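K.L.:
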Amino acid sequence: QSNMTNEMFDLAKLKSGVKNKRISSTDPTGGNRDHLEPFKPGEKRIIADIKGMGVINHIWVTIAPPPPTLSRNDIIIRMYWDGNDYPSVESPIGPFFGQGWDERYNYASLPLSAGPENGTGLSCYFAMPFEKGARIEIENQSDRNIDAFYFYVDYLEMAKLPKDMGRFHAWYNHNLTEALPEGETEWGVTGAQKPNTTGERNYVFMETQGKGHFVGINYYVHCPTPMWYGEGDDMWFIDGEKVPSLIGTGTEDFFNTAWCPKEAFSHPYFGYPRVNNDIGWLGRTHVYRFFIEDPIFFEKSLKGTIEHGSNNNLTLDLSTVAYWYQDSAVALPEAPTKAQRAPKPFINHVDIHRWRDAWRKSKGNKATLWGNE
Amino acid sequence: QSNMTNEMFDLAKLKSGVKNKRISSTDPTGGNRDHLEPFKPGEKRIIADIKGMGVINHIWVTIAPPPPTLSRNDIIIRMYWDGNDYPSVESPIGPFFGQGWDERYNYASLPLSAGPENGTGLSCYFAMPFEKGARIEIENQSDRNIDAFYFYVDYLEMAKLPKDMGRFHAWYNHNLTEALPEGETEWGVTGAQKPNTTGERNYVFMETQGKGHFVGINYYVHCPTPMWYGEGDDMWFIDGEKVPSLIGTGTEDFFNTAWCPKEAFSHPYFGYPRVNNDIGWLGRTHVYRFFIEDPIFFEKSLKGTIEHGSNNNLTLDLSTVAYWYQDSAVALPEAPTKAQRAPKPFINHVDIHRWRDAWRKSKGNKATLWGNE
Amino acid sequence: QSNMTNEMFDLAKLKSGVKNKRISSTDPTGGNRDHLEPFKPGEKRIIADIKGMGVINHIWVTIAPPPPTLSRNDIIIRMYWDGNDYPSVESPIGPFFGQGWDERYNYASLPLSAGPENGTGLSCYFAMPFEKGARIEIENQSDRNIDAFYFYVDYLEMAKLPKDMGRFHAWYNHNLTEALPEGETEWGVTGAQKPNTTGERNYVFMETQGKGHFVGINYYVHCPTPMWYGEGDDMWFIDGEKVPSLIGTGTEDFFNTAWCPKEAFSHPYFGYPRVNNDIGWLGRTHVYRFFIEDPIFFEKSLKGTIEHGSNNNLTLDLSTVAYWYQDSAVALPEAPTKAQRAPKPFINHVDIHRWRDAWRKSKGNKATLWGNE
Ligand code: NA
Ligand code: NA
Ligand code: NA
Ligand code: NA
Ligand code: NA
Ligand code: NA
Ligand code: NA
Ligand code: NA
Ligand code: NA
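Chains as they are written, first to last, in this note's numbering: chain F, 4 to 376; chain W, 4 to 376; chain D, 4 to 376.
#1: For F:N368, count neighbouring C-beta atoms within 10 Å of its own C-beta (all shown protein chains included) and say buried if the count is 16 or more, exposed if not.
#2: What does W:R25 reach in chain D if we use C-beta pairs closer than 9 Å?
#3: Residues of the segment 107-136 of chain W with a CB closer than 9 Å to any CB of chain F: list them in chain order, please.
#4: Which partner residues does D:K22 have in the DSSP bridge list?
#5: Looking at chain W, is there any beta carbon in it that lies within less than 8 Å of the beta carbon of D:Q196?
#6: Comparing alpha-carbon positions, which option in D:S28, D:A261, D:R138 lies nearest D:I53?
#7: Check for me: the beta strand (DSSP E) holding W:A117 runs from which residue to which?
#8: Please determine, among F:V21, F:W84, F:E120, F:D85, the residue with the shortest C-alpha to C-alpha distance to F:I66.
#9: Could you please give me the residues that DSSP links to W:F152 through a beta bridge?
#10: Who does F:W239 pair with in a DSSP beta bridge?
#11: Taking a contact to mean a Cβ-Cβ separation below 8 Å, would you say F:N6 touches W:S19 in this structure?
#12: Could you tell me which uninterrupted beta strand (DSSP E) segments, each at least 3 residues in length, are contained entirely in the segment 174-215 of chain W, listed from first to last along the chain?
#13: Start and end of the beta strand (DSSP E) containing W:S126?
#14: Taking 8 Å as the CB-CB limit, is D:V192 close to chain W?
#15: If you reduce the DSSP assignment to three classes, tell me which class F:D52 lands in.
#16: Starting from D:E140, follow the beta strand (DSSP E) in both directions and report where the run begins and ends.
#17: The alpha helix (DSSP H) that contains W:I96, what's its start and end?
#18: In terms of alpha-carbon separation, which member of F:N109, F:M82, F:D77 lies closest to F:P95?
#19: Would you check if there are 3 or more beta carbon pairs closer than 8 Å linking the segment 72-92 of chain D to the segment 156-173 of chain D?
#20: Are the segment 28-47 of chain D and the segment 104-120 of chain D touching, with three or more C-beta to C-beta distances below 8 Å?
#21: If you measure between the beta carbons of D:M168 and D:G57, is that distance less than 8 Å?
#22: Using a Cβ-Cβ cut-off of less than 8 Å, give me the residues of the segment 159-191 of chain W that come near chain D, in sequence order.
#23: Let me make sure I understand the geometry here. Which of W:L125, W:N60, W:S112, W:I49 has the alpha-carbon closest to that of W:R75?
#24: Does any CB atom of chain B fall closer than 8 Å to the CB of D:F99?
#25: Taking only beta-carbon positions, decide if residue 2 of chain D is within less than 8 Å of chain W.
#26: Taking buried to mean at least 16 other C-beta atoms within 10 Å of its own C-beta, is W:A361 buried or exposed?
#27: Under the rule that 16 or more other beta-carbon atoms within 10 Å means buried, what is D:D236, buried or exposed?
#28: Should W:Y153 be flagged as near chain D, meaning a C-beta pair shorter than 8 Å?
#29: Answer yes if the segment 279-286 of chain D comes into contact with the segment 305-322 of chain D, meaning at least three C-beta pairs across the two stretches below 8 Å, and no otherwise.
#30: When the distance is taken between beta carbons, is F:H225 closer than 8 Å to F:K347?
#31: Within 8 Å, do at least three Cβ pairs link the segment 151-160 of chain F to the segment 186-203 of chain F?
#32: Given that W:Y232 touches chain F, what residues does it touch there, using C-beta distances under 7 Å?
#33: For W:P69, return the contacting residues in chain D, with the cut-off set at a CB-CB distance below 7 Å.
#34: On a CA-only basis, which of D:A345, D:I26, D:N375 is nearest D:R359? Give me that one, please.
#35: Following a CB-centred definition, is W:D236 positioned closer than 7 Å to any heavy atom of ligand 2?
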């Protein structure tokens, strides 16, 4: 028999052992109230409770009111596989679908998109297998109601789950990174740079034990300086090795770009859906990269890290969502609290005028200091 | 042996049992008249007659004159598999390739595209297997000539067609949908809304008997009201079930979008290549969704439907092309006639001023009626 | 067992026999000098020397200084598989990654992209298997230094390479094509057109012996006339056949477009990332097409050709990069020299005024000749 194969060729092959199912917010009366009842502040709800074996292969969500009125940073999505009491997916729902902070913007990637109206149509094509059921939970951590929650959870019911199917995991993390004690010595501008041989102070976006592979990252940086935020290298520790086997060159480099960019760009596997649009790199940037053709495999453990500036010198407000598969459904670290992951104010002309004043004082307050002394 | 696989990894594997063939409109003399002879009005022609086993995996077409001079709504493409006297593909050629009405516009999706010059380069990457030959027919239903028809039909000749290969089907449908007897009660604005528990009056875009899976839809709506046209739910009846197992929440929702959008957007699997660009949602919108990673499977039958407004309250000029695979090549319903599928005029300021006059009369013709009473 | 499969479904399957490795320009001291030492003019260097079995599945590169200061047409990339003393990949690095001439511009295709800042982030997702090692070499053919060369070479080490894995090949070619002796008779404007039954004078972008399949072409045309450059048909000779089995209709047609286009357009498999932006088609156009779902297979040999204007009538500055797989790593033809592949000057208003003068003289220099006589 011919071994011919590719996406469109295989689509033409008849498939066995699959049956479509869908859980949705469809109005059960047949009317047009095709959304769930409102969520009060703090309310949790199981929106999908599936029994047995299957594979989720399409999720769509939308929410009313839209951002900024109702921040999608403050609505949590959690997924529990195989009857476990812990979630293997836990994230603010906006960041999970590639919508950072309390913002909205259209973009398309192969697994995740935020489509019209202006980023409110959320869709996900990651496949999520399960053997002993699946539970999807929504939690309203906002101070106002979720007036209307709309969704589709499309999946294939299977009489027999193929034996090598993994379990989908996703974890949101957030840190306000700490500058070096000597200050933000990026590019050696304010002081001498030093080597980072260990990755000890790197930001950690993923850490797990098991067998599997890393498949993606949504990276949300809010930079409080106009200085370039992305000199930092990615560094991966596979299967408990002492020296990281995968070491990068820069953050834009890791995201398949170069030369401190700040342009919107789209590829199915990587892109910049939201750029800072201000002096230097001051403000917010969202970057993503999916490792679909090129996952990062591990047989025992994986620790995915990235420097926050060269040798971790910068103070950055950084959040990430990491996506991966592993052989069984495992637990995640504690989630950042609502207060911990709150979006930060944009640094503005008043703040920078105060920096200029402290800088003028450090130079002896000469009446005609320009600013480049 | 390693089970490593993905699109780019598998592309690097040597393939057995395939041989390239191509039927094209190439000038047989070696000159530069690389198109077919003109088609007179009403003329049919078999443009490709393939014997034996194979898989079509790339089609490109262009036509002269371009639209609006020669409407691609009035040139029919038909495909016959395995020596059958009925077509398993039947559609106006523009709508088949994602060009609605008598229009032209650039767009790209994974299986279908209309590229430059301004939507005239038509391409298709759906795989189309056949065991006992294939015939592709073009029919000119325009009142003028097809001056020049250009094409490529690329396929792989196979000594043995792999046994689980399905057959590609596509069907164009059109309806001028009927409003409810009480009128167009969308959003409960003109009167009370009622439930749709059965889907009895839904628009039907696909209905077949066999084993296979649905893989796509091109949806062409011409809305004669500024009111939002897409509150309607998709509803699928799999294998003759009485209650539909897949029920949606809205039309934009089904197309992975939200909040009554009218923005151009592109994803390999879904998008809005043509938007209404007028008050509310008055005018023409083209939406598509391909179910490549997430097909709708069936073992005995499938009926794919969608409401035309909530509880089918709206009058919409709707046409669709549905794409699917099934185990054997089957027949399609009768095609809409040329008159039935004719594009409708755009509702304009004169028409709406006449509506305003009837509305003023219904309010007693107060000399200072504003319009929001 | 279910035969369910597709890209996202298969991504969820656990994989065996693969281990990630990466060679990069990471600063070995842990500092922030994450690029290689400068290359002097003429200097060659092996940047990656891998032993054993594996598959490269992601490459990223950037270079300092950027274009036009340092032309990426004058930095050569070469790849040697299985310990061979000849390269199976040989190309100027800009053209290899879809950046023609000495230019820079953002674009994205599925296998190759040039991302921000303004086309400097080069990435490649072609899979490149090898059984007895791999060597990647960079040669500086510029008259100035490569100040900083940055890269990632991501690959999977395999204990056993699956047996049907091919070898990746890529070859850059360049020709200043010769007009017909009677002149540039395109469209029969300057004289009678004649048939091309043999393809004898066609431009050759690929020629090899072995078993495999063609997967892509980057086509870089610099047209010195405003006349349309793309009437020329693609013509393929498979396995030494006398009459080419695959014959096209036009160059834009071959690139899934139509009607002499000159619009930027993007599809994962084809597109126009750089268009001429001048009268007619005068100037530079970059077109690409990847044959991922629809490769051109061969069991013994392949010769890929295209006319340079109908019946090869035009003088075009043409360069191409062809990409393919075959069963073993084979040698390539001699590369064009630096002088041979040098970008040509743009034809300008002064040049055309001189053409007008020769044309006026040919018409007898009537004092009021308009130009359309
Ligand atoms: Na519903
Ligand atoms: Na409903
Ligand atoms: Na760095
Ligand atoms: Na031809
Ligand atoms: Na020809
Ligand atoms: Na609805
Ligand atoms: Na490094
Ligand atoms: Na470093
Ligand atoms: Na031609």
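C-beta atoms are modelled at their ideal positions from N, C-alpha and C, and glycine is treated no differently.
P.N.:
In short:
#1: So F:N368 ends up on the exposed side.
#2: Contact annotation for W:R25 against chain D: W239, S248, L249, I250, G251 [CB-CB distance below 9 Å, chain order].
#3: Taking 9 Å as the upper bound on Cβ-Cβ separation, chain F lies near residues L113, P114, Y128, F129, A130, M131, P132 of the segment 107-136 of chain W.
#4: For D:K22, the beta-bridge partners assigned by DSSP are D:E160.
#5: The beta carbon of D:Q196 sits closer than 8 Å to some beta carbon of chain W.
#6: If we check each option's Cα against that of D:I53, D:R138 comes out closest.
#7: Judged by DSSP secondary structure, W:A117 falls within the beta strand (DSSP E) whose first and last residues are 115-118.
#8: Closest by alpha carbon: F:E120.
#9: In the DSSP assignment, the residues bridged to W:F152 are W:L39, W:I66.
#10: According to DSSP, F:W239 bridges with F:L249, F:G307.
#11: With contacts defined as CB atoms closer than 8 Å, F:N6 and W:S19 qualify as a contacting pair.
#12: Runs found: 206-212.
#13: In this chain, the beta strand (DSSP E) harbouring W:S126 covers 124-127.
#14: Answer no: the Cβ-Cβ gap between D:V192 and chain W never drops below 8 Å.
#15: Residue state, collapsed to three classes: strand.
#16: Note, D:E140: beta strand (DSSP E), 137-143.
#17: Where W:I96 is concerned, the enclosing alpha helix (DSSP H) stretches over 96-99.
#18: Cα-wise, what sits closest to F:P95 is F:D77.
#19: Enough Cβ pairs lie closer than 8 Å, so yes.
#20: No contact exists between the segment 28-47 of chain D and the segment 104-120 of chain D.
#21: Going by C-beta atoms, D:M168 is not nearer than 8 Å to D:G57.
#22: When C-beta distances to chain D are compared with 8 Å, the residues of the segment 159-191 of chain W below that value are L159, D167, in chain order.
#23: Comparing Cα-Cα distances from W:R75 to each of W:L125, W:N60, W:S112, W:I49, the minimum goes to W:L125.
#24: The question asks about chain B, but that chain is absent: this structure's protein chains are F, W and D.
#25: The question about residue 2 of chain D has no answer, for chain D in this structure spans 4 to 376.
#26: Exposure of W:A361 is indicated by the presence of fewer than 16 other C-beta atoms within 10 angstroms of its C-beta.
#27: The residue is buried, with at least 16 neighbouring Cβ atoms inside 10 Å.
#28: Taking 8 Å as the CB threshold, W:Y153 lines the interface with chain D.
#29: The segment 305-322 of chain D, when compared against the segment 279-286 of chain D, does not touch it at the 8 Å Cβ threshold.
#30: Taking 8 Å as the Cβ cut-off, F:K347 and F:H225 qualify as a contacting pair.
#31: A contact is defined here as three or more CB-CB pairs under 8 Å, and the segment 186-203 of chain F fails this definition with respect to the segment 151-160 of chain F.
#32: Close to W:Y232, with beta-carbon spacing below 7 Å, lies no residue of chain F; the smallest spacing is near 13 Å.
#33: Close partners of W:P69 in chain D (Cβ separation under 7 Å): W262.
#34: Checking every option, the nearest Cα to that of D:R359 belongs to D:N375.
#35: Indeed, a heavy atom of ligand 2 lies less than 7 Å from the Cβ.
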